[PDB]
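Enquirer: could you work out the structure for the sequence below:
(5 chains, ligands or ions: 4)
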Amino acid sequence: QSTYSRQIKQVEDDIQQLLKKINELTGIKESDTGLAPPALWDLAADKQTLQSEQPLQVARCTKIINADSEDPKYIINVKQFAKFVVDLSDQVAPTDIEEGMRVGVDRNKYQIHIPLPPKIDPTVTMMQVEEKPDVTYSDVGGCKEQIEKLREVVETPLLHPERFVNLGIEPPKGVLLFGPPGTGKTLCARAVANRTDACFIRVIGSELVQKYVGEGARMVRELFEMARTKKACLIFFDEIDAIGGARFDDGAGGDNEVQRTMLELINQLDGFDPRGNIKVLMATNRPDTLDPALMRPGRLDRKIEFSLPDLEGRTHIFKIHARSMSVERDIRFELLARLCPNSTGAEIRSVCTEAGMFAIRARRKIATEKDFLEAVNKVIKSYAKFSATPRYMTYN
Amino acid sequence: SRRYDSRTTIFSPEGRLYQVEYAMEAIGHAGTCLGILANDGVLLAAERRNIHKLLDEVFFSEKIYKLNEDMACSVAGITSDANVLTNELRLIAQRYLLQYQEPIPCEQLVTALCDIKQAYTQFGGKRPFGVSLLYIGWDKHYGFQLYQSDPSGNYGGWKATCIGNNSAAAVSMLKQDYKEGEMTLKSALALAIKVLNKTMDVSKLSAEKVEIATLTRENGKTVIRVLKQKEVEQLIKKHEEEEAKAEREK
Amino acid sequence: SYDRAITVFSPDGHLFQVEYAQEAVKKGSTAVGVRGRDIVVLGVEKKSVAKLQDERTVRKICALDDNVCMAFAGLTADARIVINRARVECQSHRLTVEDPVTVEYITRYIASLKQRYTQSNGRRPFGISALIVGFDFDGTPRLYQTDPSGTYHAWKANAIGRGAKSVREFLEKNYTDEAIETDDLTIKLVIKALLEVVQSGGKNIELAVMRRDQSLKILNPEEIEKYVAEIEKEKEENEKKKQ
Amino acid sequence: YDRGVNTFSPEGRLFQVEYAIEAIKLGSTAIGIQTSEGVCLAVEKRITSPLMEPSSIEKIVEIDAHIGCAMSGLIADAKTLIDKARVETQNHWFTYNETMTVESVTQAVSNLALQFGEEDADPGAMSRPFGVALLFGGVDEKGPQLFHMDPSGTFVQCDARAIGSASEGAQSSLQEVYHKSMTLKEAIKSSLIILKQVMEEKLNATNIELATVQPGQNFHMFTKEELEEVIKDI
Amino acid sequence: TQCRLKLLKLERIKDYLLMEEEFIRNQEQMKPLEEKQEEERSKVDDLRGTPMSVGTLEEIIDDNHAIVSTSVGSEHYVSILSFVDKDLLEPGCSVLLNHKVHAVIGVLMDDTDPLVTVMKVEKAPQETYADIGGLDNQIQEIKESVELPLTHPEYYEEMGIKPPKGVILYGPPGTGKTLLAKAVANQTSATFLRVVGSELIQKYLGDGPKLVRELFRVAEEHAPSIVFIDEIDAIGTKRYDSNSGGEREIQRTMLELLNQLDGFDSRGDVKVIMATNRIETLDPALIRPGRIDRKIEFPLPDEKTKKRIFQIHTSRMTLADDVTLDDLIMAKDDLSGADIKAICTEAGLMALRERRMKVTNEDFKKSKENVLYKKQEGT
Ligand SMILES: Nc1ncnc2c1ncn2[C@@H]1O[C@H](COP(=O)(O)OP(=O)(O)OP(=O)(O)O)[C@@H](O)[C@H]1O
Ligand SMILES: Nc1ncnc2c1ncn2[C@@H]1O[C@H](COP(=O)(O)OP(=O)(O)OP(=O)(O)O)[C@@H](O)[C@H]1O
Ligand SMILES: [Mg+2]
Ligand SMILES: [Mg+2]
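Expert: Residues are numbered from 1 along each chain as shown, chains lettered A, B, ... in the order given. Ligands and ions are numbered 1, 2, ... in the order given. Coordinates below:
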């Protein structure tokens, strides 16, 4: 098409003129911004130089000598690691800054000025905060007591706290999820993670194993310091077996490091510490290993088992995963569930993939009744040779 | 108790029997031991695994046992287990003689042992017998034979085989040089010194480092003699005079 | 002594020992079996010979009785222990009942010997599968197949051991009554099926036929090379249906 | 990680026995309906090829001329039970001279159900529970009766049971279609309707076994001809 | 066609933009617009100042202030200045502070990772499939698990089914697991990370989970990526003493891999390929369906296949005429495509001791006899 081949010439070349002139009248690159609004920012930065208190050198209060006296004094401990007796703020009321509180001072005359933003210590812990994943409570089958237990103790007390205080009770804090691998301990938590709409802070069991003695325990400590401030959190200790251990002595200090971190976790959900109002999920798959003092009610009040689904469940779960793909008219999903023995929810995810594959491998546009019986043969029989469920099911 | 049980009679996830499989590797360390069939008799060659200046020899052979009047065998593996299997063989072969009043057929003697080696891998929870054997023999249904049993309980006839240290290297050398038929007992001893010389890393063999025992038929009775040091020393000189005349091409 | 429980139930509801013995079959050699109307042909693939072994001691097709033969695929060790007890049984039955064993009955006893071993103390399962083949007291052909579990079904055709899933896929389409109408067509059906899972031609397929009331003949290597020439001749006269 | 063969679950019941129950859910389907006219047993063969003879599969076996049986689960383990049943019923006929009540036979078979024992027994006892559930249906002096016997030794009389890989599904469709006033021809037709939904391949004359046991007859398995006649009606 | 009917409107958008910028530059200071911008940019290098001190952003205060840590480690509550993309200010990031005023002029630099130079590879692996002889099932599931979903993402979407997530290649050593890895690294032109399973054990405690964390992160930054783990057995079988806590620390390393392979953190478009030859010694939960979906197995080659392999390495050579390929193949048995290439390589070398280019039937006899003692000795 000479007409439309000619159109294609200047459809590339003219859009390239567009970009050319865009750059001729904006121009960006390895430059820090888009440079479009910050040109005026520049003229506010000339007011940031006049801002002479800035820079402000940051320290921490450690000891107030006088408070009732006309002249409060403080003992600042700065970052050059020399300590100063200092005056009070030049305006901020001397009621605000107690000892411990991290506080910024001026660098010339170490005059305390601006209270912080304490507990810097949270640097790794910072990153455990979450940004809502993409699974909802319909995408989960076997909706028996399973998911109605969990909502009851973790979601309902945060949406309707009036009905638990009118009765005069106090709902339970923690909830242990445990089951054979691939039965929706995480899925059921990916679920509550977004729908809850309250601060959600999941730590990965292994990320609390640190290098230096009692740094692990510090990690835990900082984690609850941060969660007590944010009023009403969840903490979701995923796959705790690391730092999930059980006390024991033998030989040369076996696991004495990891073990001590656990004692700190234990200690902050049961010590004296009343603690704010933070719920806690723990999803293992090996509950047999958890220390008894970590497991008993008042730290993990409700234990939810995720047993393998039954016939009725399976039938449900096939619908949850297959409904999304194109299938011929009449698939006996109830026959693919008689045909499954004790299967994980994650085994059935895999079946549907392969029924799709044979349809793709053979170039057809629709999976048939045959394609499942065939893909259900492949994924269960063969691959069941090396399954988790057999062995991993006693630790459950 | 159950904690201290090894469970030696049980399958692997893969479809093996680990103890019988390890027992093979224990045989790959024993002395080399090869056997060659001919038309005019058959012969076992084995290298003395233990040799030393102080060590003595009292017995006609330190690896060849006579199981009968008509059969001998050589062992390879755990020497201790070999004193057990060779005593049951002798007792089997007399218990055959006590019924049928004949010398026992070559094949049967082996299977009758391989029911005992095979039992141990299937129940009882003892460790298996870590031995493989070569049986040279003579019977009136097949003439000379050679056989090889494993700790599994598998046996086979062979016309020329090897078991124990560097077995696969011997067998590669036999596949090439051994003729189907056309073997005299003179020629087999040439092949047996040549194969043994290649799987052992010594510069040359010595009449005091090997043991060659033949099994011949002379006058309707069987004879099983072990070559003295002089008879083997001849064979070693005639092989060096075939390496001196295996450079006449350049 | 050594009263332990080797085979116990999984938590998934299997028996891992009898499922692991299933793998000791799959590491075996292919054997097939088709039954004609006057002739039953079972062939074992691979003599396993290395130009040094005898073909008289590597045989995998033994004969329980006179009308009953059996091919196996698994651990050669175990198979010889079953075959023995089977041969005893085959004579114990001639003593107490005048007729010779039927082919169902010597099977139900091989199977029932393998089932007891997966439910007794001390013992691991027998790691063999079997094709029991024979003729009844009525000239009828029969083909039975066991496995470590100790179950047994009859077949019209069947393959066990290595590469048996492929060979069953070839016998579904090729076993009709346009084949196995003659003694020459039934032998050619077996060979044509092992040629799909042997990678060295026909000079590697030991093949035994049994014919009505006569005893088991093992076909010497010459006759098998003649039959392999008729196969390869027939895949060049399928070029008259491609033109 | 290993334990005994005789360990209790801290829950409260025997590890193995709780497991051997799961081995049933792998097995074929059987349906037994008890009437005043007789007992019918229907069990699907579940052939796996077209090369198998749909006849050397036996999942209904005669125990005597008035006590049928249907196995689901590991059909290999039934071989030992069935043969104890027969030799039980015969011994009871050789001493007391008279048939045996169906209940008594099933009791005598259930006494083996718990009998494994890694040690402190013979070098011949079982090592593991039996992997098989039974449906003894017979006719004696109480009229027809049908018993269900699982690997727990707990046997119990039923008016209509289903076992196997469609125990859940079929059991619910029996509760809607069963009632005291039936005849034998209504039941054989009722069961094969339930058995036609829960199978995986089409219902031929080569995919089930029917048997019946009636007051005025023996145990009588239907042949391939007679089956054509009751699948025509459906 | 329509695309230029679209252009005719896109240009007008730009011509209008040109009206505004071309007039407002001359309304600004009778000069080009980039000349006014350059007046400003040089003036920003007056604000910016010289030098520029690198530091650490520790935390952000919403108020456009931030606590940074200079070289000394002394923290300063500074202000976030002009010309800074606040979306490039995450914790741990390197910032440019004023040497004198200490205020973040910004992260105007491409801070580098020295771990990506180890994990990523700018390869061109010569071996493509078609150089993998006679293992053809193996060659495909893979294409359905890795390469095909990147070439034709419309098949899986049209069917309505997620593409399968990860594969395990497992079999006897030598058969061709890593050779298939080379093949698919070549083709897909996704970023191809590669870490051996042993590298997941290092001296100091705790680094195991840390190295594992930062391997995925790398592969996430560069999505779409492939993460191959050659010989994942070595994590869980051979040990090295260096590590502390022994086997317990090995586990927590694995539990980390095991999470960040499935876990909670909504990842995407990172294929996984785990090779191994001991698969029976892997924590099942690791290879749980839905964590890894396809277990390709690599059996020893057939006889006719073993001939296509020995026919493929010899193709670049010149063989003497007395060489019978079929006599050397069957001569031995149970060969891996590694053993085949090892007999080819040796013999070709014997020809280079003689200064020829004809591998003779005897070069292969010496060779085959030096790879058999090789297989026989050192066992
Ligand atoms: N009840 C269920 N309904 C729907 N999908 C399920 C269910 N159970 C498991 N799955 C499927 O299994 C996949 C993985 O499950 P999940 O990872 O939550 O199991 P897990 O208990 O976290 O196992 P692991 O111990 O390996 O972390 C999910 O993505 C989901 O598709
Ligand atoms: N099937 C085959 N076809 C062609 N070449 C092969 C084949 N198998 C192996 N090779 C050759 O052997 C070489 C090494 O093999 P490869 O790296 O695949 O072994 P591997 O199976 O990964 O062993 P390991 O278990 O040690 O990882 C390859 O570079 C290739 O040239
Ligand atoms: Mg999880
Ligand atoms: Mg490799």
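Enquirer: ok, the lengthiest helix in chain D near chain C or not?
Expert: Criterion DSSP state H: the longest helix present in chain D is helix D:75-95. Yes. Using CB under 8 Å from any CB of the partner chain, we find that helix D:75-95 touches chain C at D:75, D:76, D:77, D:79, D:80. (C-beta placed from N, C-alpha, C; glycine too.)
Enquirer: can you count the residues close to the second one?
Expert: In this case it means residue D:76. Residues within reach of residue D:76, counting by other CB atoms under 10 Å in any protein chain shown, total 24.
Enquirer: quickly list what the closest residue to residue B:155 other than its chain neighbours is bridged to.
Expert: Distances taken as CB to CB, 6 or more residues apart in numbering or on different chains place residue B:149 nearest to residue B:155, at 4.3 Å, with adjacent residues excluded. Beta bridges link residue B:149 to residue B:133, residue B:155 when assigned by DSSP bridges.
Enquirer: residues contacting residue B:149?
Expert: Going by CB atoms under 8 Å, 6 or more residues apart in numbering or on different chains, residue B:149 touches B:110, B:113, B:114, B:117, B:132, B:133, B:135, B:155.
Enquirer: and it, how close does it get to residue D:147?
Expert: Here residue B:149 is placed at a distance of 53 Å from residue D:147 (CB to CB, to the nearest Å).
Enquirer: same deal with residue B:187?
Expert: Residue B:187 is 78 Å from residue D:147, where distance means CB to CB.
Enquirer: looking at those two, which one has more neighbours?
Expert: Neighbours were counted for residue B:187 and for residue D:147 using other CB under 10 Å; residue D:147 has more, 25 against 17.
Enquirer: any idea which helix or strand carries the more buried one?
Expert: strand D:143-149 (DSSP states H and E).
Enquirer: sheet-wise, list the partners of that strand with their directions.
Expert: strand D:132-140 (antiparallel), strand D:155-158 (antiparallel).
Enquirer: mind checking which helix or strand residue B:21 is in?
Expert: According to DSSP H and E, residue B:21 maps onto helix B:18-27.
Enquirer: do the helix or strand following that helix and chain C meet?
Expert: Heading C-terminal from helix B:18-27, the first helix or strand you meet, by DSSP H and E, is strand B:33-37. No. On the criterion CB under 8 Å from any CB, strand B:33-37 is out of touch with chain C, staying 9.0 Å away.
Enquirer: could I get the CA-only coordinates of strand B:33-37 as CSV?
Expert: C-alpha atoms of strand B:33-37 as CSV (Å, rounded to 0.1, in the frame of the first residue of the first chain):
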residue,chain,number,x,y,z
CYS,B,33,40.1,-62.3,39.4
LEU,B,34,39.4,-63.5,35.8
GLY,B,35,38.5,-66.8,34.2
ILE,B,36,38.7,-67.9,30.6
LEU,B,37,36.9,-70.8,29.0
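Enquirer: which other residues reach that strand?
Expert: So strand B:33-37 is contacted by B:42-47, B:63, B:74-76, B:134, B:136, B:144-146, B:158-164, B:170, B:174, B:178, B:183, B:188, B:191-192, B:195-196 (CB under 8 Å, 6+ apart).
Enquirer: tell me the angle of the very next helix or strand once past it relative to strand B:33-37?
Expert: Proceeding N to C from strand B:33-37, the next assigned helix or strand is strand B:42-47, under DSSP H and E. Using axes from the mean of the first three to the mean of the last three CA atoms, to 10 degrees, the inter-axis angle of strand B:42-47 relative to strand B:33-37 is 160 degrees.
Enquirer: strand B:42-47 pairs with which strands, and in what direction?
Expert: strand B:33-37 (antiparallel), strand B:210-218 (antiparallel).
Enquirer: for the residues of helix D:75-95 next to chain C, which one is nearest chain E?
Expert: residue D:76 (26.9 Å; CB to the nearest CB).
Enquirer: for the residue in chain C positioned nearest to ligand 2, what are its contacts?
Expert: Nearest to ligand 2 in chain C, going by CB to the nearest ligand atom, is residue C:199, at a distance of 14.8 Å. Contacts for residue C:199 (CB under 8 Å, 6+ apart) come out as E:302, E:303, E:304, E:305.
Enquirer: how far off centre is the helix or strand hosting the third one?
Expert: Using DSSP H and E, residue E:304 sits within helix E:303-313. In this view, helix E:303-313 has its centroid 31 Å away from the chain centroid, taken as CA atoms, centre = their mean, to the nearest Å.
Enquirer: ok, residues contacting it?
Expert: C:199-200, E:131, E:133-135, E:301, E:325-326, E:328-330, E:335, E:337, E:340-341, E:343-345.
Enquirer: is it possible to mark the buried ones in those?
Expert: Listed as buried from those are E:133, E:134, E:135, E:301, E:328, E:329, E:335, E:337, E:340, E:341, E:343, E:344; burial here means 16 or more other CB atoms under 10 Å in any protein chain shown.
Enquirer: any chance you could map the helices in the stretch 201-350 of chain A?
Expert: A:215-229, A:256-268, A:292-295, A:311-322, A:335-338, A:345-361 (DSSP state H, counting those that start in this stretch).
Enquirer: nearest to chain E, of the ones you listed?
Expert: Taking the helices of the stretch 201-350 of chain A one by one with CB to the nearest CB, helix A:345-361 is closest: 3.3 Å.
Enquirer: circling back: in helices, which of the contacts of strand B:33-37 fall?
Expert: Per DSSP H, the subset of these in helices is B:170, B:174, B:188, B:191, B:192, B:195, B:196.
Enquirer: next SSE downstream of the longest helix along chain C?
Expert: The longest helix of chain C (DSSP H) is helix C:76-96. Going down the chain from helix C:76-96, the next helix or strand is helix C:103-116, by DSSP H and E.
Enquirer: and the angle for that following helix with helix D:75-95?
Expert: Going by the same axes, to 10 degrees, helix C:103-116 makes 100 degrees with helix D:75-95.
Enquirer: mind giving me the packing neighbours of helix C:103-116?
Expert: strand C:68-74, helix C:76-96, strand C:128-135, strand C:141-146, strand C:152-154, helix D:75-95 (3 or more CB pairs under 8 Å, 6 or more residues apart in numbering or on different chains; DSSP states H and E).
Enquirer: tabulate the ones you listed (a markdown table), appending distance to residue A:332.
Expert: Formatted as a markdown table, the helices and strands packed on helix C:103-116 follow (distance: least, CB to CB, whole Å):
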| stretch | distance to residue A:332 |
| --- | --- |
| strand C:68-74 | 36 |
| helix C:76-96 | 41 |
| strand C:128-135 | 33 |
| strand C:141-146 | 31 |
| strand C:152-154 | 26 |
| helix D:75-95 | 25 |
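Enquirer: which among those is found nearest to residue E:376?
Expert: helix C:76-96 (24.4 Å; CB to CB).
Enquirer: that closest one vs chain B: in contact?
Expert: Yes. Helix C:76-96 comes into contact with chain B (CB under 8 Å from any CB), by way of C:76, C:77, C:78, C:80, C:81.
Enquirer: is there proximity between that helix and chain D?
Expert: No. Applying CB under 8 Å from any CB, one finds helix C:76-96 separated from chain D by no less than 15.7 Å.
Enquirer: now that helix, how far from the chain's geometric center?
Expert: With CA atoms, centre = their mean, you get 16 Å for helix C:76-96.
Enquirer: angle of it against strand C:128-135?
Expert: Using the same axes, to 10 degrees: helix C:76-96 against strand C:128-135 is 40 degrees.
Enquirer: which bits of chain B sit near chain C?
Expert: So chain B meets chain C at B:2, B:5, B:7, B:9-16, B:107, B:111, B:114-115, B:118, B:121-125, B:147, B:152-161, B:171, B:174-175, B:178, B:180 (CB under 8 Å from any CB).
Enquirer: now a PyMOL select for only the buried ones of the residues you listed.
Expert: Selection of buried members from the residues of chain B next to chain C for PyMOL, criterion 16+ other CB under 10 Å:
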select buried, chain B and resi 9+10+11+15+16+107+111+114+118+121+122+123+125+147+152+153+154+155+156+157+158+159+160+161+171+174+178
